[PDB]
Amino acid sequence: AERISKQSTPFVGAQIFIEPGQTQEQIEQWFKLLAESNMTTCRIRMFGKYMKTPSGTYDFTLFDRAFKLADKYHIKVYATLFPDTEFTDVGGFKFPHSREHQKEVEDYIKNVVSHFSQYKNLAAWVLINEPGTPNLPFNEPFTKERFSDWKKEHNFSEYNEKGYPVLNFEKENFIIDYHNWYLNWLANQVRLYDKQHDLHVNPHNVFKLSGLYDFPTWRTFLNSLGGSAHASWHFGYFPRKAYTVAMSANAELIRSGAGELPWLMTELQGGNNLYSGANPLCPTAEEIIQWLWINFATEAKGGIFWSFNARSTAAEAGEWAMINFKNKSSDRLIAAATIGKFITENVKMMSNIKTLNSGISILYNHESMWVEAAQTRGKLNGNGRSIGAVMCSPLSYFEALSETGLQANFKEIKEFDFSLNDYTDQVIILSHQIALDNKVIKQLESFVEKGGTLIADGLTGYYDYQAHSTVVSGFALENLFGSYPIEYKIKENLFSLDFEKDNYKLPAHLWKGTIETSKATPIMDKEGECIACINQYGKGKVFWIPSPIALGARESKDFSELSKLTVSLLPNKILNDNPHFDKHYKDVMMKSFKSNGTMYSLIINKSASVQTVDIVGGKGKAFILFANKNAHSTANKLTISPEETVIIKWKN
């Protein structure tokens, strides 16, 4: 069996949806067109329901037929473990219902892995489709018992060391361990019968469900990390014209989770929402190209579309498909085929992509999400007083930097390497990360002391990991920030922070923060209040502005001032060595990468007008390698059309 690595040739692929009633002729037509569309890979849901017989034996014939037709057309298979479940369950169950159900799953894995491991075109086991859910089954006996046991094996006090009341987030910490346990158990079950094939899983809805996911632990039992990134389910925090930024952030979040493992996008939107989806669309040909290039530029080893062909009955019947109802290519399959073709014509370049890290990392943590859920009591009013502000704030910084043509990491705090000796020219952004503990504050102190730049806005560090506010009891970040909060005062959803000397008018959301400096240099507003500071801490710097300016940019639909302020704070080396825009461009993105020593840039225009983007930083002259609407450059000034995707190769 071929094993995926960081040097593998990336593929374009699609789900092949197999259910009873389909003909041999139909299935062959799908694999034939898939191969002709420069796709090398499919994913097949190994439905337990469609292998169980009246007598209780396993009949594999429906899936044998599909695997053999895949093999005939040289198509490799991602096989999803999908035990018997109700027909109406579109995504699959996330945990066993009962001990008896766990034994049924054991039997399912034994039978399916023992049989299908023998196909030479099997590429990977997907341990479970879309682990995690917003509706965790605390009602069910299996989960209820595991939670009770977990609480008894943990030793939590109702008071902290100083004597203050605390919350312990038992449910949230259990759910992390429970996901770790079930996925590790699935991996162990597969490994009883198959030690040869890659193990894979697709975390999903990552801007909501990241607080369920411990990716560093998952690395210990996976060969590759996957993902679902659907425009109609996962990108609700963005308008459609910023699905570029959404896909880039989603790719960066999975890339960070993968660490040293290769990653790929297991499940992308291939087609139309009729009745399905939260934010329904039919992707354009232009969007298909945008999403494949964004993922490959972010080190993806594959993009698999849900779905090649459609389900026929009830939920999503005739929805999501890349082929039309005559089983011929839509403009989406034609577009995807151009990217498969580009890969086959550019194998060495496309097999060795490394993202060009600017040195900017936007960090989120589980605990800011968990504390926010407790403090907002689950309200969904779309503001800072609602679920989602702790992810929308860092995503807004991410957007501002994308609109400056700067790459940024999007990482859980535990995925950041705090162990190095030197952080000169590195930048951490902590945007409205409302919960930080003493351990992470020491890591941030070390980072800044060793030359790091820390940017913090909104309610970053207002609470610890027990929802205890050190702002009230004795501020844990006083040392690092060289300053102390004074007040928060609630204002309107959108207000202006007007700096002394007109240096900036920053859009701000909901709360105005005021501070008192000791060691830091104060920054005053036109009302004579202290609204920000710069602290020199060892060899590094802190910029702290306790009003939500990233959320202010989001609310005002204008990232230009956040871009300008952030650029002014970046170490010179980042702007000298990284291709970026000469200024902020609304609804344009760029991210750069390297392959075998050569530098490349990806540029996408999501504005309504032709844009001329002046690219500066790094070295070399633009050669346009890919441009789907005949972009042209004059010196390093790129003229790019609405919805166009461009790859520049930088020569000498």
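For the two forms, the rigid core is made up of the largest set of C-alpha atoms that agree within 1.5 Å on superposition. The first residue of the sequence shown is number 1, and the count goes up from there.
Between stretches 286-294 and 494-502, the one whose Cα atoms sit farther from the displayed model in 5 other deposited structures of this protein on average is 494-502 (core-aligned, root mean square). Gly340 is built in all of the other entries compared, counting only those with both neighbours built, so it is not a gap in a third. For the cut-off of one third of the other compared entries, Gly382 qualifies: that many or more give it no coordinates while modelling its flanks. On average the C-alpha atoms of 155-163 have higher B-factors than those of the other stretch, with 401-409 and 155-163 being the two compared.
Per-stretch averaging of Cα B factors for 64-72 and 46-54 places 46-54 on top.
As recorded in the PDB entry, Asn438 shows the highest C-alpha B-factor of the residues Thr313, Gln269, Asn273, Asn438. Each of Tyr193, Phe559, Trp370, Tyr462 has a CA temperature factor in the record; the biggest one is found at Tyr193.
Among the modelled residues of its chain, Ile27 has a C-alpha B-factor that falls in the highest third according to the deposited record. When the modelled residues of the chain are ordered by their C-alpha B factor, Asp614 lands in the highest third. Compared with the other modelled residues of the chain, the Cα B-factor recorded for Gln15 ranks in the middle third. In the deposited entry, the Cα temperature factor of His584 sits in the middle third of values across the chain's modelled residues. Remark: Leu444 belongs to the middle third of its chain, ranked by C-alpha B-factor as recorded.
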